[PDB]
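**Student:** This block holds the first chain(s) of the complex, placed as they are in the complex; more will follow:
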Amino acid sequence: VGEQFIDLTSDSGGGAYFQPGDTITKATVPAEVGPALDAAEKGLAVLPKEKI
């Protein structure tokens, strides 16, 4: 449905810590739905069904 949020993930979970006013340059974003629908449609549409 939705309800976006941002998660800070650290594999080490220790060591030095961020200070106020800093920036996190490393980032990740989800795979998105529209490209996935396009890829599924184009992958299924090229199969020869009469050959099937």
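**Tutor:** That came through fine. Numbers count the residues shown, from 1 in each chain, chains lettered A, B, ... in the order given.

**Student:** rest of the way, CA atoms for contacts and neighbours
**Tutor:** OK.

**Student:** mind checking how far residue A:34 is from residue A:40?
**Tutor:** Applying C-alpha to C-alpha, to the nearest Å, the value for residue A:34 to residue A:40 is 10 Å.

**Student:** now swap in residue A:24 and tell me
**Tutor:** Residue A:24 is 34 Å from residue A:40, by C-alpha to C-alpha.

**Student:** Settle it for me: which of those two has more neighbours?
**Tutor:** residue A:40 (11 against 7; other C-alpha atoms under 10 Å).

**Student:** Output the helix or strand in which that one is found as PDB - backbone C-alpha positions only.
**Tutor:** Using DSSP states H and E, residue A:40 sits in helix A:33-45. Taking Å, rounded to 0.1, in the frame of the first residue of the first chain, the C-alpha atoms of helix A:33-45 are listed here in PDB:
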ATOM      1  CA  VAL A  33       7.200  -1.400  -9.700                       C
ATOM      2  CA  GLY A  34       6.700   0.000 -13.200                       C
ATOM      3  CA  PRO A  35      10.000  -1.400 -14.600                       C
ATOM      4  CA  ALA A  36       9.100  -4.700 -13.000                       C
ATOM      5  CA  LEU A  37       5.700  -4.800 -14.700                       C
ATOM      6  CA  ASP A  38       7.300  -3.800 -18.000                       C
ATOM      7  CA  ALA A  39      10.000  -6.500 -17.700                       C
ATOM      8  CA  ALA A  40       7.400  -9.200 -16.800                       C
ATOM      9  CA  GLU A  41       5.200  -8.200 -19.700                       C
ATOM     10  CA  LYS A  42       8.100  -8.200 -22.200                       C
ATOM     11  CA  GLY A  43       9.500 -11.500 -20.900                       C
ATOM     12  CA  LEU A  44       6.100 -13.200 -21.200                       C
ATOM     13  CA  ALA A  45       5.200 -11.700 -24.600                       C
END
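
**Student:** with the structure above as the base, add chain B:
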Amino acid sequence: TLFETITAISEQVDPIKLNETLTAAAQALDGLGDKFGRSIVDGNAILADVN
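**Tutor:** Next up, chain B placed on what we already have:
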């Protein structure tokens, strides 16, 4: 469009023929895959000794 493509693919697949094909293949291999591979190895040895 996605539903139309999936429907076009699904009309092609027949449950009756697919079912009988898969049933034959499963009865063919049921419990004999390891035996068949060991037999291929044995035949490899037999050919290595016969050739």
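
**Student:** before we move on, back to that, give me the distance between the helix holding residue A:40 and the centre of its chain.
**Tutor:** 16 Å (C-alpha atoms, centre = their mean, to the nearest Å).

**Student:** Show me what that helix is packed up against.
**Tutor:** helix B:2-12 (3 or more C-alpha pairs under 8 Å, 6 or more residues apart in numbering or on different chains; DSSP states H and E).

**Student:** Would the helix it packs on count as contacting chain A?
**Tutor:** Yes - using C-alpha under 8 Å from any C-alpha of the partner chain, we find that helix B:2-12 touches chain A at B:2, B:5-6, B:8-9, B:12.

**Student:** re the thing from before, what comes up buried for the helix holding residue A:40?
**Tutor:** For helix A:33-45, burial by neighbour count (16 or more other C-alpha atoms under 10 Å in any protein chain shown) applies to A:41, A:44-45.
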